[PDB]
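K.L.:
Turn this into a model:
(3 chains)
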Amino acid sequence: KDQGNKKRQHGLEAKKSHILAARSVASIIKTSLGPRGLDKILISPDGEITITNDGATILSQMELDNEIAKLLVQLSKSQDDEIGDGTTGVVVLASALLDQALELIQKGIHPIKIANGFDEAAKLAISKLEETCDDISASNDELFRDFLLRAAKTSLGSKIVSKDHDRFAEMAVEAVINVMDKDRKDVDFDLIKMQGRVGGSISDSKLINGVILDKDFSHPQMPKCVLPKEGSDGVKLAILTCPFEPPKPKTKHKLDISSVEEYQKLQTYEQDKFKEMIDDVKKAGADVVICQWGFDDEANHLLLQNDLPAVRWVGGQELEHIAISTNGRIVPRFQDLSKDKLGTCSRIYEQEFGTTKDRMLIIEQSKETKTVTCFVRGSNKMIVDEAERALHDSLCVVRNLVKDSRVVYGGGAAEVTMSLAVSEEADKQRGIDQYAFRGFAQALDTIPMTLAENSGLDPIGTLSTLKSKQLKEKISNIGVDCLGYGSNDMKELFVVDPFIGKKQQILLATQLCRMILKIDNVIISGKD
Amino acid sequence: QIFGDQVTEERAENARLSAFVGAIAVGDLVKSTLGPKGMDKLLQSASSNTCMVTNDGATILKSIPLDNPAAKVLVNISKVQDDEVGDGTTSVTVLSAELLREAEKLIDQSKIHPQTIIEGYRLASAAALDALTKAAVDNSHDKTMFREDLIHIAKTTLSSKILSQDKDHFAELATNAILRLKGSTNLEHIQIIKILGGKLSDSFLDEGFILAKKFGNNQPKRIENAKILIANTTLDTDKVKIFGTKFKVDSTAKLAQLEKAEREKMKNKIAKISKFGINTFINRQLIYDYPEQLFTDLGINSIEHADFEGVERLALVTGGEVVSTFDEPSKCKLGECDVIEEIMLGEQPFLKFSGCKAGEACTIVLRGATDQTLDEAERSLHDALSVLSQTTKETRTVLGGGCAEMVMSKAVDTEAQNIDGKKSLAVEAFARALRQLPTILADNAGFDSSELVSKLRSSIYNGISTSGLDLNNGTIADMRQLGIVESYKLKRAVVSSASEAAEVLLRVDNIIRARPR
Amino acid sequence: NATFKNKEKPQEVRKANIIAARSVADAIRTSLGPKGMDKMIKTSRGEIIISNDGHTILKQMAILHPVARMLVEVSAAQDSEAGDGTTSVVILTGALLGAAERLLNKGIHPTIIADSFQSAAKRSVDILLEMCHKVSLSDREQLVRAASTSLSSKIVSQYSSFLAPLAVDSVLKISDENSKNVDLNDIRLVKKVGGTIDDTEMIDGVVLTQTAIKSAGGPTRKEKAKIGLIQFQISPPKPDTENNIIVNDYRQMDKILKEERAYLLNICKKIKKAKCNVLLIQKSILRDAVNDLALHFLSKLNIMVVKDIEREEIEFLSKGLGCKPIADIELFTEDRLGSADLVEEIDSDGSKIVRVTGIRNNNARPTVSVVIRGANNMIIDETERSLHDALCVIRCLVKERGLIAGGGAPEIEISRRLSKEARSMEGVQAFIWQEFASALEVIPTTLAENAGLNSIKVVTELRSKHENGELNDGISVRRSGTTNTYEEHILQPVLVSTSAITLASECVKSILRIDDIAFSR
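P.N.:
Numbering: from 1, shown residues only, chains lettered A, B, ... in the order given. Find the structure here:
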């Protein structure tokens, strides 16, 4: 079917083309690896020009028909959810395993043996890093927080945000503690609302313990703050998934007003129907009415005299963050409204942010919730977008630091340690696996050499220097300098990477490398 | 095939050509328009009867459609100069293109990642801004007459504001809060204290930097010859959230014993505090009595709940810095103050710092009758301090006529004297781009640039050089005798914008072709 | 030797625009002078027109070359300021562009070339003022002779005896003293069919373009009148959407009549409260200007009505009369009116034209509208253009006093003086003074070429005679040689030669300052 404009490669030209196709795509982000990596000018299909060095943003904007390069995109979707820092590093590491696999294919090595060769070599590298890793919480409690404060500083060190970075460092520590419990040790991104707007500065960003839900308070006469109402417990809010309207059948409608006589009849008719539905709010004792649909003019008049601020046009997902922070429930209809399902919070007020005329509102708690909302501002639209993604990566590092106390020192010291460990174990394991372990260690050298290239240094001369300091002297962690520093030995400069984070990166690199080798056949049809 | 709708990633070397040859060609369009004697350019449309002629650099760049995606970024960079100031945008685009001419000569002769060359421009731009400060003069002369103009405009700003109750006292406070600075006019040097139970006219000015919330319990109320340290740590009840972690112990006392061991490791950091030779310590969180008792024996004074903002304003007036970690003892930048006094005003405990190192600053304590009187007084005062200080940075000029451009060239050449191995060419090329500015001014004026600049450089190189570009006689003449001066803010804006312009373009290794419209 | 190579060639692109600009001057070169050759131009619409006037040629030439379009704007400024010499100012520009080509071959930057033309233009005018014969506006004998010679170039000659003082007396009333530029748009030449050339009325106050009401009730005359300008139109309501009037009953007929007559009367009542004697309604052919019922209403109120006023005169009548435009009746009051002693309709033969005298306003000054009559349509046309050129020559004397002898006389002597004064200069500029003097000789050389006389022979006769005498000899086509242009009644005002040199230095500047061109949309 559709023999024209149809290409197929099996067992001959596919093995050579799959390696060169992924090599040309991975070579794009090699220069962007590390904080010193170089930016790129990206153009959206709508015509917007953006500039960022993040590998995830660059790879996500790629829409391509290359069958092998799609496997790099499918993994990148899981990289942001699992880790988020394994975007550029794994793709370069996965392509390094492919370049070493192509050299073995030319030698007559079976591709599945290469897949099993990298799998057994990855398991040996985990055991070596497990012995040489160090503990944080065992060193001190405040030194752990010092790593969290400097974890966001590393991601923000390459951006203008680095001036005020001390503000966002504390926002990442207080947010993870609330949304994550030390039992499961998991930070759900769906429980963290990321919202930002253009204008102001980066120092005006505040950390809110609950949903923001910007609203104009409907009618302007309604008050800007919600009072406890004479010793009542917290502040009760109403979550309604049904619109507030006078009851009407499904058949006719067609309401015609001939004169003022019929105008006063319909006005008092709809007002009396509003008095029946507001009683359910009064019986439940809800201070503010939050609904998914808009309100009428007479609807806000009765809510104004009763001191009941009105909130209309709230999205479905926005109502989900309300019940989680305030420990409320989703009430489907008006007859099911009860005081037990009302969200309880500390207060609701309107806080002016800088010179912005939006004048958003803040709903606080003062108690530990199951969700938080990160609020970010900046003087430029790019600064806001870069600060949201850098904060997202900072929240993921903190998740891995608490989940696993063991960590490794990055900056090239981890990859060189993995190479010297596998190369030593390569001679201990004889047979075909000997060459499979040597090729795996040579592929691990791509990351520190790429970081050496991206640092403006000789990749070959620097790689031999790190191997000389970790052997003739003693076994330790000394990496390449990505950003200009005082000297080498990252262990002295306190550059830390999560062990479970680096372990997740090396597994996804070998997982995708196998799937690339497990597919020797590519069949694509034409474009009708 | 990547991206979509005729959008593909250009070749690596072609990306640098589009970022240089493509951008310089756009920059060369308005390059001949620099100066009053510059050239002109015609702008023609498809209908050809709608065309026009103008010498405006901002009009030529924005009107001409640019298919080069690198040229679109250059237009967005030029918008920064228009929004910040709005004058001299043409000179910014020309100088930004001259940096690309030198960066192209540095790359093609190297072919190494430009990010290192970017660090060469940052060190060279700092030396260029330092040369503009040494040669900076002022029309600010007769500040006594400017003092009478500052107090009258301040009273005009107080109109319609609740501060209009007494105009003379509040305008005198703002007068002594500006002219007495003799330095940066930023609001971070002026601390605003808001208290209740007083009258607005009863407010006073204190040159010392004033805090609130007095520190310590058994600590003394006065500190003489204070050494200020900045750190962020929690010494009171560490391990904030212990819930959820599996605890296997024989008794509950081992949980608190572990917290004592976690704080025992902090004793090494407590010892590092005394190794700094300081009598005073500042922390954002609180501190338990036991680590505070160790501060008393070692002579350390603990300050609690200083937050961050208020700390940063203290480190600037005292000449210190903020750091949340201790890397190694006796390595840091420390601030100091002569006298620390604990006072009380408005029924609230306050702190008084006096005798800061090179301290230039003031603190305005306003007495309101409510929160509305305090909040509206702080915002309306900053609006008056911003306008009155705007005339301090402007009308302050430097010697112009190409002089200061060459003065920066020899200053960058001085930076090119003591320099790293691979950073010598990156810094030296920055001085080459500074020497291309008088070359362009001589070419647009119709003169010989090689004869003037060579005689202008050799004269300004060594000593006794007031000389600059004289376009009337076509020779090198003294600018001080001719009275040719240009604003210092214009020099600082063009150099800073061109430095940021080089950062945006050089950090881009590969450029994707923009969507054709 | 070894000099600046100039790898990129922005100047070579400018040299291509100079050659393209000199090609336009070569076409206009043949049209210089009254004996110049005609040019045939075929418009894209298919119209075939011919004439020797450089202003009409460059307007219909439809030049797509942007640099060459500047010659059209200079000819527009040449006619707006001096009014004559639009052909010679373009030829003088091409000579400076040709002389600049030799300067670019010597390695001279065009900035000094353009800056040296500034001092060359200012010096050429100062030398021209030294040889200029100073005349004053108080002498009416010199102005008539200057206007009579401008009218001798047209079919109407013997009838110019009454036409010459018409342009003289009209300017002397509007000239006052030290008025500098006097806009000739304030002088309105009214063209009406019928009568003869000898019949003319100045009517210094003002003259309208329209007749009076021919319907029932038209006053056609008013005494002690106040004249407003109404851009509105008094009509029954007529929305731009679809409307229809259907009367099925006697009650429906009275309903339409009462609503229309009351709406028209309410507008008429507000006009009488402002004491408005005369009304000027803007002409609109779409809807009704003034209803016939409104004519009967305004006739009962003793209000003179003149409708169908041309939209071109709305801007003119708002200035000379010192009034203000009225968009709506609600803003229509007495303060925007004029003052008129008598407003009447006078018909010489068949014209029935309205004239107004005695504006009596401080803000409004003597704006004069002249009526021109004639039998054939070709009479009032050529007469209007002939008197317009006579007003331009007199306008030159009002802004700048003095006159010079035309025919290429000043171009020869100034070129001889700048050649001698070039020794006082030094450096690159000194060579430009020599080329600038040689570029001023293209005008007298072309006059000798277009007249059939020997090019090289006549030009040398001017340099020979102008040595002993001063401005006493020039080129005249009447004697077919070099003779005295002052005795032959050839008089060119000094402002024409002053503006021609000034606009030439500004035109060549705007050319040479263009180093490149790019597509901009």
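K.L.:
Show me the residue at the heart of chain A, geometrically.
P.N.:
residue A:392 (4.5 Å; C-alpha atoms, centre = their mean).
K.L.:
Can you give me every residue that contacts it?
P.N.:
Remark: with contacts taken as C-beta atoms under 8 Å, 6 or more residues apart in numbering or on different chains, residue A:392 is in contact with A:84, A:189, A:194. All C-beta spots, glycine's among them, are computed from the backbone N, C-alpha and C.
K.L.:
Check the gap between it and residue B:382 for me.
P.N.:
In this structure, residue A:392 and residue B:382 are 34 Å apart, going by C-beta to C-beta, to the nearest Å.
K.L.:
isn't residue A:62 right up against residue B:1?
P.N.:
No. Using C-beta atoms under 8 Å as the test, residue A:62 is too far from residue B:1 to be in contact (10.2 Å).
K.L.:
what about these two, which has more around it?
P.N.:
Set side by side, residue A:62 and residue B:1 show unequal neighbour counts under other C-beta atoms under 10 Å in any protein chain shown, the larger going to residue A:62 at 19 against 9.
K.L.:
Wasn't the more buried one part of a strand?
P.N.:
No. Secondary structure assignment places residue A:62 outside any strand; it is coil (DSSP: H, G, I helix; E, B strand; the rest coil).
K.L.:
ok, it - contacts?
P.N.:
Under the contact definition (C-beta under 8 Å, 6+ apart), the residues listed for residue A:62 are A:69, A:73, B:2-3.
K.L.:
now those residues: which count as buried?
P.N.:
The neighbour-count test (16 or more other C-beta atoms under 10 Å in any protein chain shown) marks A:69, A:73, B:2-3 as buried among the contacts of residue A:62.
K.L.:
Next, check these against the strands and list the overlap.
P.N.:
Restricting those to those inside strands, with DSSP state E as the criterion, leaves an empty set.
K.L.:
what residues does the stretch 401-517 of chain B put near chain C?
P.N.:
B:443-447, B:450 (C-beta under 8 Å from any C-beta of the partner chain).
K.L.:
burial of residue 404, as a residue count?
P.N.:
If you meant another chain, say so; for now it's chain A. For residue A:404, the count of nearby residues is 17 (other C-beta under 10 Å).
K.L.:
My question was about chain C, not that one.
P.N.:
Taking other C-beta under 10 Å as the neighbour definition, residue C:404 ends up with a count of 24.
K.L.:
that older thread, so which of the contacts of residue A:392 belong to strands?
P.N.:
Among the contacts of residue A:392, the subset assigned to strands under DSSP E consists of residue A:194.
K.L.:
Selecting buried members of the contacts of residue A:392 in ChimeraX, what would you type?
P.N.:
Here is the ChimeraX command that picks out the buried ones among the contacts of residue A:392, judged by 16+ other C-beta under 10 Å:
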select /A:84
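K.L.:
just curious, which of the contacts of residue A:392 is nearest to chain B?
P.N.:
Nearest to chain B, judged by C-beta to the nearest C-beta, of those is residue A:189 at 19.4 Å.
K.L.:
surely that closest one meets residue A:84?
P.N.:
No. Counting by C-beta under 8 Å, residue A:189 does not reach residue A:84; the two are 9.1 Å apart.
K.L.:
returning to that earlier point: quick check: which element contains the residue nearest to the centre of chain A?
P.N.:
Following DSSP states H and E, the helix or strand that holds residue A:392 is helix A:381-403.
K.L.:
Find the closest residue to chain C in the stretch 1-150 of chain A.
P.N.:
In the stretch 1-150 of chain A, no residue comes nearer to chain C than residue A:47, which is 16.7 Å away by C-beta to the nearest C-beta.
K.L.:
should've said chain B
P.N.:
residue B:446 (3.1 Å).
K.L.:
For burial, what's the neighbour tally of the closest residue to that residue other than its chain neighbours?
P.N.:
Setting aside the residues directly before and after it, residue B:446 is nearest to residue C:111 in space (C-beta to C-beta, 6 or more residues apart in numbering or on different chains), at 3.1 Å. Burial of residue C:111, expressed as a neighbour count using other C-beta under 10 Å, amounts to 20.
K.L.:
One more: the one 10 residues further on?
P.N.:
Burial measure for residue C:121: 21 neighbouring residues, criterion other C-beta under 10 Å.
K.L.:
so is residue 328 in a helix, a strand, or just coil?
P.N.:
Looking at chain A here, since you left the chain open. Classified using three-state DSSP, residue A:328 is coil.
K.L.:
contacting residues for it?
P.N.:
Applying C-beta under 8 Å, 6+ apart, the residues contacting residue A:328 are A:237, A:239, A:322, A:341-344.
K.L.:
if I pick the residue nearest to it when sequence neighbours are not counted, what's in contact with it?
P.N.:
For residue A:328, the nearest residue in space outside its immediate sequence neighbours is residue A:343; the separation is 2.9 Å by C-beta to C-beta, 6+ apart. Applying C-beta under 8 Å, 6+ apart to residue A:343 gives the contacts A:236-237, A:239, A:322-323, A:325-328.
K.L.:
ok, of those, which come out buried?
P.N.:
When neighbours are counted using 16+ other C-beta under 10 Å, the contacts of residue A:343 contain these buried positions: A:236-237, A:239, A:322-323, A:325-326, A:328.
K.L.:
Now render those residues as TSV, adding secondary structure.
P.N.:
TSV is the format used below for these (three-state DSSP):
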residue	secondary structure
A:236	strand
A:237	strand
A:239	strand
A:322	helix
A:323	helix
A:325	helix
A:326	coil
A:328	coil
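K.L.:
Which of the three states applies to residue C:354?
P.N.:
Under the three-state scheme (three-state DSSP), residue C:354 adopts strand.
K.L.:
ok, so what distance separates it from chain B?
P.N.:
For residue C:354, the distance to chain B (C-beta to the nearest C-beta, to the nearest Å) stands at 40 Å.
K.L.:
wait, that residue sits on residue C:347?
P.N.:
No. Look at residue C:354 against residue C:347 with C-beta under 8 Å: they stay out of range, at 9.9 Å.
K.L.:
quick one, which of the two is more surrounded?
P.N.:
Higher neighbour count among residue C:354 and residue C:347: residue C:354, with 22 against 12, using other C-beta under 10 Å.
K.L.:
check contacts around that one.
P.N.:
With contacts taken as C-beta under 8 Å, 6+ apart, residue C:354 has the following neighbours: C:207-208, C:210-212, C:306, C:343-346.
K.L.:
which parts of chain B sit against chain C?
P.N.:
So far as C-beta under 8 Å from any C-beta goes, chain B lies against chain C at B:29, B:32, B:37, B:39-46, B:48, B:51, B:53, B:60, B:63-65, B:443-447, B:450.
K.L.:
Summarise which helices and strands the host helix or strand of residue A:436 is packed against.
P.N.:
Per DSSP H and E: residue A:436 is located in helix A:433-444. The elements that helix A:433-444 packs onto, with contact taken as 3 or more C-beta pairs under 8 Å, 6 or more residues apart in numbering or on different chains; DSSP states H and E, are helix A:87-105, helix A:111-132, helix A:413-428.
K.L.:
ok, residues contacting the shortest one?
P.N.:
Going back to what we said before, that points to helix A:413-428. Under C-beta under 8 Å, 6+ apart, the answer for helix A:413-428 is A:121, A:124-125, A:128-129, A:132, A:408, A:434, A:437-438, A:440-442, A:444-445, A:447-448, A:463, A:466-467, A:470-471, A:475-479, A:490-491, A:497, A:502, A:506.
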